[PDB]
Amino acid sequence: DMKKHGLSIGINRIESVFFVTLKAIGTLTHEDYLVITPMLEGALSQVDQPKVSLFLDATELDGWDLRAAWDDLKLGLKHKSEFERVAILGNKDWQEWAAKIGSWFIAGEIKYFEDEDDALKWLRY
């Protein structure tokens, strides 16, 4: 009834360093892809930092439909830059998107976490 579904993209500064943030939540549909991804793309294309990394909060993501457009989503940076690091935060138990959601990104390194503090420390230092 009140369950939320979708994603948000942002920029956060932590200890003087800016990073891109992404939060995915609920169960994503085809309609959701059509409505939400142009906005994510529009946002990410305006990020122009010397080096930049990404924090992906997927703790509240259920997943998406079999072979949905979400499998092939690509989120890239303003001048074809790659993310230095991408920290993917999940939960204790494996979820259907675990081995798939990383492919949205071109990254120097992708690391998976169950604790936000650890994820942020790895990104920052």
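So that there is no doubt, residue numbering starts at 1 and follows the sequence shown.
For the pair 75 to 83 and 37 to 45, the mean B factor over Cα atoms is greater in 75 to 83. Among all modelled residues in this chain, the alpha-carbon of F113 has a temperature factor (C-alpha) in the middle third.
Ranked by C-alpha B-factor against the other modelled residues of its chain, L66 falls in the highest third. In this PDB entry, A119 carries a Cα temperature factor that places it within the middle third of its chain's modelled residues. When the modelled residues of the chain are ordered by their C-alpha B factor, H30 lands in the lowest third. Ranked within its chain, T21 lands in the middle third, by CA B factor from the PDB record.
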